[PDB]
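In what follows, a structure is listed as structure tokens, so that the remarks can point back to it.
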2 protein chains.
Amino acid sequence: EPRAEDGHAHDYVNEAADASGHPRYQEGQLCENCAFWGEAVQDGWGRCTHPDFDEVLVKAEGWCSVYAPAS
Amino acid sequence: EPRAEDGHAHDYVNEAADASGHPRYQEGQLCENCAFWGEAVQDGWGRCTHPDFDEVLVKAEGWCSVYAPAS
Ligand code: SF4
Ligand code: SF4
């Protein structure tokens, strides 16, 4: 699938540091340690199970406002 | 806490101007200059001491029909 573009859904960012001034954002929060992290695919990219990112590839070091701590 | 969406309570808008249609609205009126404002908790977002806004965060440039001027 095509790689996700900043702002895709929920304020998505390919560079979590970029989500900085977001009230919900916390240091340490990445698509990688997210409860929506499907599996890795190619060169930092992976799949997000959250229904909203079903047709794009997302980035390991990225972030979105729908972020939940992995269990 | 979570950010407050538009219409949360008392005609709430995260962007003051949007309320230009309210009888109680006046240019220059903002959460940050409101008596119920409990200051920025996060960057551009603060607390509201009004019980109807107690679970959420409100926005410095927002406005609610229960606005009260402050010093
Ligand atoms: S839900 Fe989690 S994994 Fe999916 S894009 Fe947002 S932060 Fe990344
Ligand atoms: S009462 Fe309304 S205008 Fe005043 S701070 Fe709370 S949300 Fe903003």
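Ordering of the structure tokens sets the chain letters (A, B, ...); residue numbers start at 1 within each chain; ligands are numbered from 1 in the order shown.
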message: Based on the backbone DSSP call, show me all residues of chain A assigned helix (DSSP H, G or I), as a PyMOL selection string.
response: chain A and resi 16-19+31-33+51-53
Include N, CA, C and O atoms and write out the residues we just selected as a PDB file, in the first residue's frame.
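The resulting out.pdb:
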```pdb
ATOM      1  N   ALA A  16       6.810  11.714  14.708  1.00  0.00           N
ATOM      2  CA  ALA A  16       6.163  11.968  15.962  1.00  0.00           C
ATOM      3  C   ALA A  16       6.575  13.298  16.589  1.00  0.00           C
ATOM      4  O   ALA A  16       5.737  14.007  17.137  1.00  0.00           O
ATOM      5  N   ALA A  17       7.859  13.654  16.514  1.00  0.00           N
ATOM      6  CA  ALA A  17       8.312  14.917  17.100  1.00  0.00           C
ATOM      7  C   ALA A  17       7.519  16.094  16.597  1.00  0.00           C
ATOM      8  O   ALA A  17       7.420  17.134  17.243  1.00  0.00           O
ATOM      9  N   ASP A  18       6.971  15.905  15.428  1.00  0.00           N
ATOM     10  CA  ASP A  18       6.187  16.897  14.754  1.00  0.00           C
ATOM     11  C   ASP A  18       4.788  17.113  15.382  1.00  0.00           C
ATOM     12  O   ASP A  18       4.189  18.172  15.203  1.00  0.00           O
ATOM     13  N   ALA A  19       4.272  16.091  16.113  1.00  0.00           N
ATOM     14  CA  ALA A  19       2.947  16.111  16.783  1.00  0.00           C
ATOM     15  C   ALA A  19       2.990  16.818  18.157  1.00  0.00           C
ATOM     16  O   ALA A  19       1.988  16.931  18.866  1.00  0.00           O
ATOM     17  N   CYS A  31       3.972   5.088  16.534  1.00  0.00           N
ATOM     18  CA  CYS A  31       3.061   4.098  15.962  1.00  0.00           C
ATOM     19  C   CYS A  31       3.539   2.686  16.399  1.00  0.00           C
ATOM     20  O   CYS A  31       2.731   1.796  16.631  1.00  0.00           O
ATOM     21  N   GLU A  32       4.865   2.504  16.527  1.00  0.00           N
ATOM     22  CA  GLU A  32       5.539   1.249  16.941  1.00  0.00           C
ATOM     23  C   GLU A  32       5.093   0.668  18.326  1.00  0.00           C
ATOM     24  O   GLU A  32       4.958  -0.550  18.466  1.00  0.00           O
ATOM     25  N   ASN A  33       4.886   1.542  19.363  1.00  0.00           N
ATOM     26  CA  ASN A  33       4.467   1.106  20.735  1.00  0.00           C
ATOM     27  C   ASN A  33       2.947   1.247  21.004  1.00  0.00           C
ATOM     28  O   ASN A  33       2.448   1.155  22.138  1.00  0.00           O
ATOM     29  N   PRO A  51      -9.047   1.198  12.133  1.00  0.00           N
ATOM     30  CA  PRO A  51      -9.891   1.278  10.948  1.00  0.00           C
ATOM     31  C   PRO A  51      -9.687   2.467  10.008  1.00  0.00           C
ATOM     32  O   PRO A  51      -9.930   2.379   8.805  1.00  0.00           O
ATOM     33  N   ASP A  52      -9.232   3.568  10.567  1.00  0.00           N
ATOM     34  CA  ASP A  52      -8.990   4.806   9.836  1.00  0.00           C
ATOM     35  C   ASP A  52      -7.767   4.840   8.881  1.00  0.00           C
ATOM     36  O   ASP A  52      -7.678   5.683   7.979  1.00  0.00           O
ATOM     37  N   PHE A  53      -6.823   3.933   9.098  1.00  0.00           N
ATOM     38  CA  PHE A  53      -5.612   3.859   8.307  1.00  0.00           C
ATOM     39  C   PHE A  53      -5.506   2.590   7.502  1.00  0.00           C
ATOM     40  O   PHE A  53      -4.413   2.102   7.205  1.00  0.00           O
TER      41      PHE A  53
END
```
message: Taking only C-alpha atoms and all ligand atoms into account, list the residues no farther than 8 Å from ligand 2, as an MDAnalysis selection string.
response: chainID B and resid 10 12 29:38 47:50 53 58:60 62:68
Let's have the selection written as a tab-separated table (two decimals), in the first residue's frame, with C-alpha atoms.
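Result went into part.tsv, see below:
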```tsv
chain	number	residue	atom	x	y	z
B	10	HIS	CA	-23.37	26.25	26.13
B	12	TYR	CA	-18.97	26.06	22.60
B	29	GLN	CA	-14.31	37.82	24.03
B	30	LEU	CA	-12.21	34.71	24.68
B	31	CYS	CA	-11.72	31.87	27.10
B	32	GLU	CA	-8.36	33.25	28.10
B	33	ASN	CA	-9.90	36.47	29.16
B	34	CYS	CA	-12.86	34.77	30.82
B	35	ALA	CA	-13.46	34.54	34.47
B	36	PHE	CA	-13.92	30.73	34.36
B	37	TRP	CA	-10.44	30.28	32.83
B	38	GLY	CA	-8.02	28.24	34.94
B	47	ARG	CA	-9.07	24.42	32.31
B	48	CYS	CA	-12.57	25.75	32.69
B	49	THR	CA	-13.80	26.14	36.39
B	50	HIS	CA	-17.45	25.96	35.17
B	53	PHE	CA	-16.72	21.94	31.28
B	58	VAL	CA	-10.89	24.24	26.53
B	59	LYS	CA	-8.99	26.38	23.94
B	60	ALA	CA	-7.43	29.78	24.60
B	62	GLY	CA	-12.51	29.45	22.17
B	63	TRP	CA	-15.89	30.87	23.49
B	64	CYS	CA	-18.97	29.60	25.38
B	65	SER	CA	-22.30	31.32	25.90
B	66	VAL	CA	-21.64	31.42	29.63
B	67	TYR	CA	-18.72	33.71	29.21
B	68	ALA	CA	-17.98	36.17	32.03
```
message: Could you tell me how far atom CA of residue B:4 sits from atom 6 (Fe, counted along the ligand's line) of ligand 1, in Å to one decimal place?
response: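 Interatomic distance, atom 6 (Fe, counted along the ligand's line) of ligand 1 to atom CA of residue B:4: 19.9 Å.
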task: Kindly provide, as a list in words, the residues of chain B having any atom no farther than 9 Å from an atom of chain A, counting only C-alpha atoms.
output: residues 1, 2, 3, 41, 42, 43, 44 and 45 of chain B
- request: From the DSSP assignment of the backbone, select every residue of chain B that is strand (DSSP E), and format the answer as a ChimeraX atom specification.
  value: /B:37-42,45-48,58-59
Interatomic distance (Å, one decimal) between atom CA of residue A:46 and atom 6 (Fe, counted along the ligand's line) of ligand 1: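 So the answer is 11.4 Å.
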